[PDB]
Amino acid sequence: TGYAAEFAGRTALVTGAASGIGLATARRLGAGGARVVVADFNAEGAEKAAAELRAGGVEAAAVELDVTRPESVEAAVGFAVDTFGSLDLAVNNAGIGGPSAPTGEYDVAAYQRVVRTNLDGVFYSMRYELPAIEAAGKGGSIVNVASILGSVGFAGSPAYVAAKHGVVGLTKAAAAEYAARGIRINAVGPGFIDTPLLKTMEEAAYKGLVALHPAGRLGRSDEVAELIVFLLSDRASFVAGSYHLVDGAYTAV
């Protein structure tokens, strides 16, 4: 019974935890009584997030992480086990971004930058998360942040679309591999979410994005945080290998 303490005694690693969905998810894990590891490329921004967590009485600690560098990942996971005694839950959330351009004109470097963070980064994240969770070995749960663009395409963002599809596949294979050893792995596909930078777009564009969501609005970070934290929770014990939309019915048409 209950939400307030359902993650008591548990350690949750959240990548890209300094901003947006990552931060909203860090806070949701805290509201559930989890012990939160705030991990981000932005060292001081992770500290700020984790300090704010502690100031609301949540147990949390910051760690500097770059998902593109396997050893930075391994260290972050080591920090989590070091700091809170185990690794139980993970939210692979770090991600960019990428410029908009047709495939034929797309910058090669931009492509690699996108794929390296969005796809490879998630692979590296799981690569070290899984042993630490398995060795524990009280089972566990991982959620990979994909996107609607992990299941449909988007004109002008081929790298991003590629990567995000890749996260979906990464999720299925891994879940097929681990479900029986009591580690659930799932992915979420959020639609376009309200953010400070998206709220700088001009009226024409923002409206365009909005009309693509039959819901009639963009999503909020919190709203993605709820889906993620559910799939992480014991209530979703038979949810494995699956990809869960939170897109205001963007992909239903």
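Each residue number is its position in the shown sequence, starting from 1.
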| item | value |
| --- | --- |
| Mean Cα B-factor comparison, 194-202 or 207-215, giving the higher one as deposited | 194-202 |
| Mean C-alpha B-factor comparison - 220-228 and 63-71, higher one | 63-71 |
| Options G104, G121, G153, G166 - largest CA temperature factor per the record | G104 |
| Candidate set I185, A31, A46, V188 [ranked by C-alpha B-factor, highest] | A46 |
| Third of chain Cα B-factors occupied by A252 | lowest |
| Position of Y160 among the chain's modelled residues by C-alpha B-factor, lowest, middle or highest third | lowest |
| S233, C-alpha B-factor rank within chain (lowest, middle or highest third) | middle |
| CA B-factor placement of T117, once the chain's modelled residues are sorted into thirds | highest |
| Among modelled residues of the same chain, the CA temperature factor third for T83 | highest |
